[PDB]
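So this first bit is one chain, no partners, the form deposited without hypoxanthine (HPA), shown in structure tokens.
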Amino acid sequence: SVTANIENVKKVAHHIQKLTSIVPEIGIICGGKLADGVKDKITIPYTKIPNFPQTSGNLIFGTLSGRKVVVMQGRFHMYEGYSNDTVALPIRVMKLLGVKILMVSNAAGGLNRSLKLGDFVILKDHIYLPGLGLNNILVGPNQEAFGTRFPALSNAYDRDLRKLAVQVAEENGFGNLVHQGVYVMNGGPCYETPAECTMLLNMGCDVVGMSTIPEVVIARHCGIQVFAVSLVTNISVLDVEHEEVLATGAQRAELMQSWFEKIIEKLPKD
């Protein structure tokens, strides 16, 4: 892995800047239709970016709702074995590219008993189990260029962005699907046992997933404002103690794409 220090991040950023003229203000990490809505877009496969982590995923530049965006199509999940530096690099690259707001979605298990399949849970906070347990993405020498040794995670999930997202949902008639909640990261890749889910629920967790927190931590560390939503893709089984016709349509994607586009449209500009 190449260290996510100022020097390497600059190199990758500079390379990307030679491929696109688009200075992204908003970065989006796709937990997939979004990219499709992007206009006047350049698609840069990771494979074409020297020193960029490989998953091939694409970096997509263009405009969305009249805003310059960089979209990550292909994430680096820790359960895959990616290093802290590999996961951190793209976010820090976004920082150097001009990204001020990071919007991310993920799939999560609904722990909260009031959640419904396909609900949206806006992250208003998280519990970073790996981070509490000495697998925090920031462990290692602090990269001072990007942020402080001991980042505070207060307002990690920008309250204004959260308010905005909620309003946009409300206005476009799907406020009923939208919740705010605490996301706990399970390092994965095992789904959580019922005992784990029960514990996580009782810990005050609403949704559980294997992603996002590390990117959020890096983003916050370098001052990028964060908006994150979990799609409740399954209801966690809490009880350790018959198949039907199932529709698994990418309609949450369309809704979520629309939601993101409409949020981006209303983001304050400069």
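We call the rigid core the largest set of C-alpha positions that still match within 1.5 Å between the two forms. Only residues modelled in both forms are compared. Counting begins at 1, following the sequence as shown.
The same protein also exists as the form solved in complex with hypoxanthine (HPA); that form is not shown, yet it is the one meant from here on.
*With a 4.5 Å heavy atom cut-off, would you call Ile60 a contact of hypoxanthine (HPA) in the bound PDB entry?*
Looking in the bound PDB entry, residue contacts with hypoxanthine (HPA) do not include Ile60, since no heavy atom lies within 4.5 Å.
*Looking at the partner-bound form in the bound PDB entry, is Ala108 within 4.5 Å of hypoxanthine (HPA) by any heavy atom?*
Residue-level check for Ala108: yes, a contact with hypoxanthine (HPA).
*Consider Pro53 of the chain shown here, and say whether it contacts hypoxanthine (HPA) in the bound PDB entry, taking contact as heavy atoms within 4.5 Å.*
Taking the distances in the bound PDB entry, the answer for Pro53 is no, it never comes within 4.5 Å of hypoxanthine (HPA).
*asked:* Can you work out whether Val226 and hypoxanthine (HPA) are in contact in the bound PDB entry, taking contact to mean some heavy atom pair no more than 4.5 Å apart?
replied: It does not: once hypoxanthine (HPA) is placed as it appears in the bound PDB entry, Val226 has no heavy atom within 4.5 Å of it.
*Proximity to hypoxanthine (HPA) in the bound PDB entry (heavy atom, within 4.5 Å), stretch among 231 to 239, 218 to 226, 60 to 68, 42 to 50*: That would be 231 to 239.
*asked:* Quick one: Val23, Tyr82 and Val99 and hypoxanthine (HPA) in the bound PDB entry, is every residue within 4.5 Å by at least one heavy atom?
replied: Looking in the bound PDB entry, the three residues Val23, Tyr82 and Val99 all stay beyond 4.5 Å of hypoxanthine (HPA) (heavy atoms).
*in the bound PDB entry, residues of 196 to 228 near hypoxanthine (HPA) [heavy atom within 4.5 Å]*: Heavy-atom contacts to hypoxanthine (HPA) in the bound PDB entry: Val208, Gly209, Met210.
_Rigid-core frame, C-alpha of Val23, shift of 2 angstroms or more between the shown form and the other one_ = No; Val23 is a residue whose C-alpha shifts by less than 2 Å between the shown form and the other one when the cores are overlaid.
_Which residue stretches between the shown form and the other one come out as moving, taking only runs of at least three where every Cα shifts by 2 Å or more after core superposition?_
Shifted segment: only 242 to 251.
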